[PDB]
Amino acid sequence: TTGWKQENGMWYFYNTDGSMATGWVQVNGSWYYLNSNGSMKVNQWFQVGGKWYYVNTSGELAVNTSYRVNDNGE
Amino acid sequence: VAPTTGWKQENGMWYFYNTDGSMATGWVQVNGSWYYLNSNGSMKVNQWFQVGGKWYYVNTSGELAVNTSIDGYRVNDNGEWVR
Amino acid sequence: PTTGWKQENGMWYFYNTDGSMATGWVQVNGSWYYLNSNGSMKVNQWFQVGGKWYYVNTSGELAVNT
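Residue numbers (UniProt numbering), protein chains in the order written: chain A, 50 to 115, 119 to 126; chain B, 47 to 129; chain C, 49 to 114.
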C-alpha cells in the first residue's frame with residue numbers, strides 16, 4: 050500500500066512505486082520529517098541545514114507559532 | 047563556473063540556472079518540493095497542467111500539490127490526479 | 049547574500065532564496081544528488097537511505113541502471 054504506514058508503533062511514508070520517502074514530506078498541507086532510515090521524527094526539536102525545527106507527537110512541523121517559527125518553521 | 051546559479055526571477059517569472067550557464071527545464075525537486083519548468087525554463091505557477099497524460103497542480107509559489115485534494119481533485123505522493 | 053549552488057571548502061551546497069540551505073534529495077536536469085543534513089553534497093560513495101544502498105559518482109550524481 051501507499052502513504053502513511055505504521056509498523057511497530059513507528060510511522061513510515063511509502064511512495065507509489067513502493068519506495069520509502071525520507072526527508073521532508075508534505076501530506077495534506079502539513080510538513081513531516083523522516084530520518085535517513087525512513088522513520089518519522091516525533092515530539093522534539095531537531096537541526097537540519099543549520100536551522101531549528103520542531104515536530105509534535107503527530108509528527109507535524111509546527112509553523113507560525115511558539119520560541120517562534122515562520123511559514124518554513126525555522 | 048557560471049556567475050549566478052539556482053533560482054532567479056525575471057519579468058515576474060522564476061528560472062533555475064545550472065552551473066554550466068544553461069537553464070533547467072522539466073521537473074525540479076529541491077528542498078522537499080517539486081516544481082515544473084517549461085521549454086524556455088520558466089516556472090509554472092498557480093495552475094493545472096498535463097505531462098505524459100497525467101494531471102498535476104502547482105500553487106502560486108510554483109510548488110507542486112502532493113498528498114492532498116485540490117478543488118476536489120485527489121493528488122498522489124507525486125502530485126498526479128488519481129481516485 | 050548569495051543563493052543557488054555554492055562551492056564552499058571543496059563541497060557543493062544549495063542555497064534557497066530566503067538564504068537557507070536545501071537538504072536531502074535534489075533532482076534537476078534528470079540527475080539526482082543527495083545533500084547531507086548539513087547541506088553538503090554527497091560525492092563518490094555508497095550510502096544507505098531507507099534501508100537501501102545508493103551510489104553517487106565523483107560529480108555527486110546518483111548512479112542509475114548500471
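Note that the Cβ used here is the ideal one computed from N, Cα and C, for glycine as well.
| What does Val97(C) touch in chain A if you count any residue whose Cβ is under 7 Å from its own? | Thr71 and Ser85
| Just to confirm, are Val74(B) and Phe62(C) a CB contact at a threshold of 8 Å? | no
| message | Does any residue of chain B have a CB that is nearer than 8 Å to the CB of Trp94(C)? | response | no
| task | Assign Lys90(A) to one of three DSSP states: helix, strand, or coil. | result | coil
| message | Output needed for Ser85(A): all residues of its chain with C-beta closer than 8 Å, excluding positions within five of it in sequence on either side, in chain order. | response | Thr71
| field | Any chain A beta carbon closer than 8 Å to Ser79(C) | value | no
| task | Could you spell out where the beta strand (DSSP E) holding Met59(B) opens and where it closes? | result | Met59 to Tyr63
| request: Evaluate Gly108(A) with the Cβ neighbour count: other Cβ atoms within 10 Å of its Cβ, from every protein chain shown; 16 or more gives buried, anything less gives exposed. | output: buried
| request: Please confirm if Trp53(B) has its CB atom under 8 Å from at least one CB of chain C. | output: yes
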